[PDB]
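*Asks:* Once you've had a glance at the structure underneath, I'll fire off some questions.
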Amino acid sequence: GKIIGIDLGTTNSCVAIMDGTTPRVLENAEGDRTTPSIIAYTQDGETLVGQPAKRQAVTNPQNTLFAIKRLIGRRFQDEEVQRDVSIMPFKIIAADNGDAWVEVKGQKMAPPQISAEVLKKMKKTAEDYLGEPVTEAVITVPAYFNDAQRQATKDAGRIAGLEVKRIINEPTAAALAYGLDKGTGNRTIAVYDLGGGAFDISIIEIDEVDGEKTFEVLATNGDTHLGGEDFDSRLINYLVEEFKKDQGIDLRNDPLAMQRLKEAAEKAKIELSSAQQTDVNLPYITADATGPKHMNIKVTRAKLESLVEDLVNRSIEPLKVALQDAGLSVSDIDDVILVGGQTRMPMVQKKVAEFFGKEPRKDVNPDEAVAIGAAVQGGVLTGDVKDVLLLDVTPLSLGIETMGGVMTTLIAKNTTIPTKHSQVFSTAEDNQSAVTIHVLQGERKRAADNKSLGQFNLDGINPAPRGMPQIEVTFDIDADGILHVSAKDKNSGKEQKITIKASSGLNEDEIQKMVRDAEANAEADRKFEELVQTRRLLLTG
Ligand SMILES: Nc1ncnc2c1ncn2[C@@H]1O[C@H](COP(=O)(O)OP(=O)(O)OP(=O)(O)O)[C@@H](O)[C@H]1O
């Protein structure tokens, strides 16, 4: 019946539910509206997840798993994983198919089984609160996720025993919370998503027409080098040099010290959004030949702002990129929303306040906003929320190059994504051995008039006197907005395919110039295609 929304965070998870008209964030078993995303394997053969798993990490670096959201769906030879292999204290291994897996206590295990454990805790958190079993779910993912990662997010839920009703991306989920507030229609909003694992900026339009509120993403892009875990690194490296300057010991090579130090580094970081000072007292952190060593160093707040200013500045070019892709001016941008626990630090809000010239909205809970919005999607699916429409549509038509230099339209503008449709084409020459599929986007009928987005060949077409082999062309734009083009020659069984990425933005000012141009040029476009018909649509070499 009801469909729950889950914030799958790198660092914390959060559960919320629609209680009629107003959303409620549900507490986990400790009473916390957020649960750390950490998994631990104890000597006694049981697996800890959440706040219990976080606590035993300092003595169990190999069998305490955290930051598993950085491992799901990727190949081992990726640079950051090699970057990740060196810094992480637990064991990273390759799966038989080349996937990135982990191995704990001699058991080779994939991340989705591990992440499924948190959902079961979230599931049990929901089951204890509701007193009944729960099985239908909408799950969130980052906006920069590719084709392989989202499907893997669906599968992980199934290993946790869930039917995944919807995948939605995380910057979109947090915004649903904001739109419950009054006065949110007909505005342009920016979703700046800075988590533990990455930077994300999304541009979203909130429109309301004829009693229906519609939401459309105008731009998105991401940068995985600007996430909250990269900030913690910017402290682990420095802290060793101050002790080394005073007493000559390099801690980078001591994981047990590194395990307490990250915990000391992580918990204190929360404090500096509210606080101005504190003293780190971690007795017996290590020792050398002359006996025990003790940490006691006083340090305030300014130095950190000096240390991480470049990360904020390197996130700006992705912000600058987002506005061009959406085609908007600052004067079209109506509101600022903070999501994520790290925005409670004052300089980021000021750096944002200087940039936007207005204070970010203070009514969005940074630890809970993502979870609250995902719960709304469940109410839409059950009918609990009325007069709301998820808008995800194509700005321009998509197609392939055909006979005579003609574009044949396969997908008309403003069709909802995901989508798939089929059409039959044939061969142009006797005994034709090859075809070129030139993937094209635009509103003009001449193929030579569109932008090259890529092109591909399909071979193995059986020889025939022209037009007999039957080559079926499929374009698939999946729920991530990514276009999958596939081809199978039905008489032989062969299959080849390509993938075409989702756009980072939708530039309507330039698009609207092209559309008005197209209305003015309608008659010029017909005669060319009809005289190509004059000279089943055909594909060139
Ligand atoms: N009070 C606080 N002050 C400063 N930083 C905080 C606070 N609470 C949490 N953080 C930081 O915010 C980050 C987690 O934010 P959030 O839970 O929204 O991320 P996520 O959804 O887990 O990440 P991603 O979107 O990349 O998957 C962590 O770096 C954590 O250290």
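Just so we're on the same page: first chain in the structure tokens is A, next is B, and so on; residues restart at 1 for each chain, and ligands are numbered from 1 in the order they show up.
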Give the residues close to ligand 1, within 8 Å, counting only C-alpha atoms and all ligand atoms; write them as an NGL selection string.
*Replies:* :A and (7-13 or 37 or 69 or 141-142 or 170 or 193-200 or 227-229 or 231-232 or 266-267 or 269-274 or 339-345 or 366-368 or 370)
*Asks:* For the selection just defined, write its residues with C-alpha atoms to a file, as a compact mmCIF listing (two decimals), in the first residue's frame.
*Replies:*
# COMPACT_ATOMS: atom_id res chain seq x y z
CA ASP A 7 17.80 8.73 2.10
CA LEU A 8 20.76 6.55 1.26
CA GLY A 9 23.58 8.74 2.47
CA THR A 10 27.31 8.08 2.42
CA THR A 11 27.52 9.14 6.16
CA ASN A 12 23.98 9.14 7.65
CA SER A 13 20.62 7.59 6.76
CA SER A 37 26.06 4.47 7.64
CA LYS A 69 28.37 4.59 -0.82
CA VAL A 141 20.63 8.19 -5.40
CA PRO A 142 23.00 11.04 -6.36
CA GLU A 170 19.09 12.78 -4.03
CA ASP A 193 24.16 18.99 -2.77
CA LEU A 194 27.46 18.71 -0.85
CA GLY A 195 27.69 15.34 0.87
CA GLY A 196 30.44 13.23 2.33
CA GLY A 197 31.25 11.68 -1.03
CA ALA A 198 30.85 14.41 -3.64
CA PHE A 199 29.76 17.86 -4.69
CA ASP A 200 26.49 18.17 -6.59
CA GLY A 227 32.77 15.87 -0.86
CA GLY A 228 32.72 15.91 2.93
CA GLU A 229 35.17 13.00 3.28
CA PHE A 231 37.41 17.78 3.88
CA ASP A 232 38.29 15.32 6.73
CA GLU A 266 34.84 13.82 12.73
CA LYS A 267 33.01 14.58 16.03
CA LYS A 269 33.98 19.08 13.03
CA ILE A 270 30.24 19.08 13.98
CA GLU A 271 31.13 21.26 17.00
CA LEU A 272 32.68 24.12 14.96
CA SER A 273 29.37 24.98 13.27
CA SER A 274 28.17 25.98 16.77
CA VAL A 339 20.56 20.61 2.63
CA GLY A 340 23.18 18.56 4.46
CA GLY A 341 24.62 18.74 7.97
CA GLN A 342 27.80 20.53 6.85
CA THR A 343 25.92 23.71 5.88
CA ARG A 344 25.54 24.50 9.60
CA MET A 345 29.14 25.89 9.44
CA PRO A 366 19.96 19.72 6.88
CA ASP A 367 20.10 16.22 8.38
CA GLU A 368 16.49 15.31 7.51
CA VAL A 370 16.51 14.46 1.95
*Asks:* Apply DSSP to the backbone of this structure and, from range 69-218 of chain A, keep only the residues in strand (DSSP E); write these as number ranges by chain.
*Replies:* A: 92-94, 100-104, 107-109, 136-141, 163-169, 187-194, 199-209, 212-218
*Asks:* With C-alpha atoms retained, export the selected residues as a PDB file, in the first residue's frame.
*Replies:*
ATOM      1  CA  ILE A  92      39.607  -3.911  -0.818  1.00  0.00           C
ATOM      2  CA  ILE A  93      39.452  -6.765  -3.371  1.00  0.00           C
ATOM      3  CA  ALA A  94      38.464  -7.426  -6.991  1.00  0.00           C
ATOM      4  CA  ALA A 100      35.097  -3.570  -6.672  1.00  0.00           C
ATOM      5  CA  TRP A 101      34.260  -5.821  -3.731  1.00  0.00           C
ATOM      6  CA  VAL A 102      35.332  -5.994  -0.105  1.00  0.00           C
ATOM      7  CA  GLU A 103      36.511  -8.989   1.902  1.00  0.00           C
ATOM      8  CA  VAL A 104      36.033  -9.232   5.675  1.00  0.00           C
ATOM      9  CA  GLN A 107      34.298 -13.803   3.229  1.00  0.00           C
ATOM     10  CA  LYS A 108      34.185 -12.102  -0.140  1.00  0.00           C
ATOM     11  CA  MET A 109      31.138  -9.812  -0.076  1.00  0.00           C
ATOM     12  CA  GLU A 136       7.314  -0.919  -1.019  1.00  0.00           C
ATOM     13  CA  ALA A 137      10.076   1.699  -1.271  1.00  0.00           C
ATOM     14  CA  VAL A 138      11.332   4.740  -3.159  1.00  0.00           C
ATOM     15  CA  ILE A 139      15.119   4.937  -2.850  1.00  0.00           C
ATOM     16  CA  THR A 140      17.327   7.972  -3.472  1.00  0.00           C
ATOM     17  CA  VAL A 141      20.630   8.195  -5.402  1.00  0.00           C
ATOM     18  CA  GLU A 163      10.384  -3.948  -3.694  1.00  0.00           C
ATOM     19  CA  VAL A 164      11.953  -0.718  -5.072  1.00  0.00           C
ATOM     20  CA  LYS A 165       8.898   1.231  -6.320  1.00  0.00           C
ATOM     21  CA  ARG A 166      10.981   4.179  -7.528  1.00  0.00           C
ATOM     22  CA  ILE A 167      14.527   5.371  -7.841  1.00  0.00           C
ATOM     23  CA  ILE A 168      14.834   9.146  -7.565  1.00  0.00           C
ATOM     24  CA  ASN A 169      18.019  11.189  -7.345  1.00  0.00           C
ATOM     25  CA  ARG A 187       9.932  29.688  -8.764  1.00  0.00           C
ATOM     26  CA  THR A 188      13.381  28.670  -9.913  1.00  0.00           C
ATOM     27  CA  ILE A 189      15.398  26.836  -7.251  1.00  0.00           C
ATOM     28  CA  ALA A 190      19.014  25.625  -7.020  1.00  0.00           C
ATOM     29  CA  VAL A 191      19.847  22.304  -5.348  1.00  0.00           C
ATOM     30  CA  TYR A 192      23.444  22.486  -4.070  1.00  0.00           C
ATOM     31  CA  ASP A 193      24.163  18.993  -2.766  1.00  0.00           C
ATOM     32  CA  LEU A 194      27.461  18.709  -0.854  1.00  0.00           C
ATOM     33  CA  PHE A 199      29.762  17.861  -4.691  1.00  0.00           C
ATOM     34  CA  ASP A 200      26.489  18.172  -6.586  1.00  0.00           C
ATOM     35  CA  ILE A 201      24.668  21.217  -7.963  1.00  0.00           C
ATOM     36  CA  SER A 202      21.220  20.844  -9.549  1.00  0.00           C
ATOM     37  CA  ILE A 203      18.989  23.522 -11.089  1.00  0.00           C
ATOM     38  CA  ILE A 204      15.256  22.794 -10.623  1.00  0.00           C
ATOM     39  CA  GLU A 205      12.131  24.676 -11.764  1.00  0.00           C
ATOM     40  CA  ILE A 206       9.068  24.569  -9.514  1.00  0.00           C
ATOM     41  CA  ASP A 207       6.013  25.433 -11.625  1.00  0.00           C
ATOM     42  CA  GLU A 208       2.299  25.241 -10.729  1.00  0.00           C
ATOM     43  CA  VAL A 209      -0.369  25.220 -13.480  1.00  0.00           C
ATOM     44  CA  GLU A 212      -1.105  20.911 -10.508  1.00  0.00           C
ATOM     45  CA  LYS A 213       2.386  21.636  -9.165  1.00  0.00           C
ATOM     46  CA  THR A 214       5.117  20.547 -11.633  1.00  0.00           C
ATOM     47  CA  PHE A 215       8.850  20.247 -10.963  1.00  0.00           C
ATOM     48  CA  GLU A 216      11.515  20.166 -13.681  1.00  0.00           C
ATOM     49  CA  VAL A 217      15.320  19.925 -13.363  1.00  0.00           C
ATOM     50  CA  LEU A 218      17.050  22.660 -15.401  1.00  0.00           C
TER      51      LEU A 218
END
*Asks:* Using only C-alpha atoms, which residues of range 428-478 of chain A come within 10 Å of range 497-509 of chain A, and what is the closest atom pair for each, with the distance in Å to one decimal? Give it as a Markdown table, sorted by chain and residue number.
*Replies:*
| residue | atom | partner | partner_atom | distance |
| --- | --- | --- | --- | --- |
| A:439 | CA | A:500 | CA | 9.1 |
| A:453 | CA | A:500 | CA | 8.3 |
| A:454 | CA | A:500 | CA | 8.4 |
| A:455 | CA | A:498 | CA | 8.8 |
| A:456 | CA | A:498 | CA | 7.6 |
| A:457 | CA | A:497 | CA | 9.2 |
| A:458 | CA | A:497 | CA | 8.5 |
| A:473 | CA | A:497 | CA | 9.4 |
| A:474 | CA | A:497 | CA | 8.8 |
| A:475 | CA | A:499 | CA | 9.2 |
| A:476 | CA | A:499 | CA | 8.7 |
| A:477 | CA | A:502 | CA | 8.2 |
| A:478 | CA | A:502 | CA | 9.1 |
*Asks:* Using only C-alpha atoms, which protein or nucleic acid residues come within 9 Å of residue 123 in chain A? Drop anything in the same chain fewer than 6 positions from it, and give the result as a VMD selection string.
*Replies:* chain A and resid 133 to 135 160 162
*Asks:* In terms of the shortest atom-to-atom distance over only C-alpha atoms, which of A:154, A:494, A:121, A:451 is closest to residue 400 in chain A?
*Replies:* A:451
*Asks:* Select, from A:482, A:435, A:515, A:539, the residue with the minimum atom-to-atom distance to residue 147 in chain A, counting only C-alpha atoms.
*Replies:* A:482
